[PDB]
Ligand SMILES: O=S(=O)(c1cccc2cnccc12)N1CCCNCC1
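Chains as they are written, first to last, in the entry's author numbering: chain B, 5 to 24; chain A, -2 to 350.
Below is the structure:
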């Protein structure tokens, strides 16, 4: 499912900006 | 047509009144922009309590003013680290913007000062924490709840864009919730005052507009794209474009395809297709009708824009508030000393601060 895909992405936590 | 005479006249008057408000707001902004305030407090006026957030930028600490007992959030930057990271201009510009703007959903800079080692921006303490935390905990926001927040961003961008400020840093991690449940925007390190186009690659992968990814010159329409990402993420609980690695995210963003949860209303999907529009000649917020294409969209039909601005709408969610100085809506961080050297560092670079 889309939600499962989100959890699998590893990008569920706070996201850094490009420069960081 | 869609509106009878009374509704059309009311909408027209409302839109003209926005113009009048924004004209006055620009006058006020420009006075402060051209003569910024400096050196309005000092470090020993405050007790350091707890670290609220840390990052490459530096730290934000909860502090208490010794005389009033009022709490504030103090952003502390090490001048030498700012120079090393090539952030002089961004740091000066962030403080200049914050001391010059005035809007109910933009955090207020109450004091600023510097010492031999550090720069300090003392802002109102916004005790509800990041939207991010609440969103991940609750999972997703109902459409009315998402709409309440979205309306505040729409008004905030209408204000900022009228000042020729592009924001470029929208995401739930950068939106705080205040004690009344309203949004506070705090981070202006990527904002830029520019009337036309600009070219810097900056932002967060999930929130980047296609024209940024594609190395185009771009304009304030990137903020309206980002609003679409935010509304989607608030209402779905996950953003419209994600993948294991940024390069994959960028491919989805530029593809012109977006998919929606089955619980999204048709009105929401229509708004999002018009904000998440790769074709700049078609993106809402970038057309002849400007912000009005967004404010007048069916998804916002129940929004009383003035009531939101006046903060007279009951928020759908109020963060827990145990009292002044309560930090329970923020994470816990290792506490580090605030070293002030006996020797001034980087004085010339930060004269304007
Ligand atoms: O929450 S902060 O530490 C913060 C910043 C500025 C003013 C604040 C006011 N109250 C609490 C936290 C505050 N934060 C740092 C960067 C990450 N994005 C959100 C803002």
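By construction, the Cβ of each residue, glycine as well, lies at the ideal position given by its N, Cα and C atoms.
Beta carbon proximity, residue i to chain B, threshold 9 Å
i: residue 240 of chain A; result: yes
i: residue 53 of chain A; result: yes
i: residue 129 of chain A; result: yes
i: residue 234 of chain A; result: yes
i: residue 11 of chain A; result: no
i: residue 258 of chain A; result: yes
i: residue 133 of chain A; result: yes
Beta-carbon spacing of residue i, residue j below 9 Å
i: residue 237 of chain A; j: residue 202 of chain A; result: no
i: residue 40 of chain A; j: residue 335 of chain A; result: yes
i: residue 72 of chain A; j: residue 54 of chain A; result: yes
i: residue 104 of chain A; j: residue 38 of chain A; result: no
i: residue 302 of chain A; j: residue 148 of chain A; result: yes
i: residue 293 of chain A; j: residue 8 of chain A; result: yes
i: residue 298 of chain A; j: residue 264 of chain A; result: yes
i: residue 277 of chain A; j: residue 159 of chain A; result: no
i: residue 33 of chain A; j: residue 349 of chain A; result: yes
i: residue 210 of chain A; j: residue 251 of chain A; result: yes
i: residue 171 of chain A; j: residue 153 of chain A; result: no
i: residue 162 of chain A; j: residue 94 of chain A; result: yes
i: residue 310 of chain A; j: residue 151 of chain A; result: no
i: residue 143 of chain A; j: residue 228 of chain A; result: yes
i: residue 346 of chain A; j: residue 85 of chain A; result: yes
i: residue 14 of chain A; j: residue 140 of chain A; result: no
i: residue 36 of chain A; j: residue 110 of chain A; result: yes
i: residue 239 of chain A; j: residue 15 of chain B; result: yes
i: residue 248 of chain A; j: residue 174 of chain A; result: no
i: residue 176 of chain A; j: residue 327 of chain A; result: no
i: residue 112 of chain A; j: residue 12 of chain B; result: no
i: residue 165 of chain A; j: residue 200 of chain A; result: yes
i: residue 9 of chain B; j: residue 52 of chain A; result: no
Rounded distance between the beta-carbons of residue j and residue i, thought under 8 Å
i: residue 342 of chain A; j: residue 76 of chain A; result: 5 Å
i: residue 88 of chain A; j: residue 98 of chain A; result: In fact, because the Cβ distance is near 16 Å, the residues do not count as touching under 8 Å.
i: residue 18 of chain B; j: residue 129 of chain A; result: 6 Å
Cutoff 6 Å; reference residue i; Cβ partners in own chain excluding five residues on either side
i: residue 21 of chain B; result: none
i: residue 50 of chain A; result: 57
i: residue 315 of chain A; result: 178
i: residue 146 of chain A; result: 180
i: residue 331 of chain A; result: none
i: residue 186 of chain A; result: 87, 91
i: residue 362 of chain A; result: This structure gives no information on residue 362 of chain A, because the portion of chain A shown stretches from -2 to 350.
i: residue 208 of chain A; result: 215
i: residue 156 of chain A; result: 100
i: residue 196 of chain A; result: 214
Own chain partners of residue i with C-beta closer than 7 Å, once the 5 adjacent residues on each side are dropped
i: residue 194 of chain A; result: 214, 215, 216
i: residue 204 of chain A; result: 167, 168, 223, 226
i: residue 114 of chain A; result: 75, 76, 336, 337, 338, 342
i: residue 59 of chain A; result: 46, 47, 49, 68, 70, 122, 322, 324
i: residue 329 of chain A; result: none
i: residue 29 of chain A; result: 96, 97
i: residue 300 of chain A; result: 144, 148
i: residue 340 of chain A; result: 113
i: residue 62 of chain A; result: 42, 43, 69
i: residue 253 of chain A; result: 275
Cβ-based neighbour list, residue i, same chain, cut-off 8 Å, excluding 5 preceding and 5 following
i: residue 279 of chain A; result: 271
i: residue 281 of chain A; result: 221, 268, 271, 272, 274, 290, 291, 294
i: residue 132 of chain A; result: 138, 169, 230, 231, 234
i: residue 423 of chain A; result: Residue 423 of chain A is absent from the structure shown; chain A starts at -2 and stops at 350.
i: residue 11 of chain A; result: 302, 303
beta-carbon residue i near ligand 2 non-hydrogen atom, thresh 8 Å
i: residue 184 of chain A; result: As presented, the structure is devoid of ligand 2, carrying ligand 1 as its sole ligands.
Chain B contacts made by the segment 166 to 200 of chain A, where a contact means CB separation under 8 Å: Of all residues in the segment 166 to 200 of chain A, 166, 168, 170, 187, 198, 199, 200 have a Cβ within less than 8 Å of some Cβ in chain B.
Contact list for the segment 202 to 227 of chain A against chain B, Cβ threshold 9 Å: If you check each beta-carbon in the segment 202 to 227 of chain A against every beta-carbon of chain B, the ones closer than 9 Å belong to 202, 203, 204, 205.
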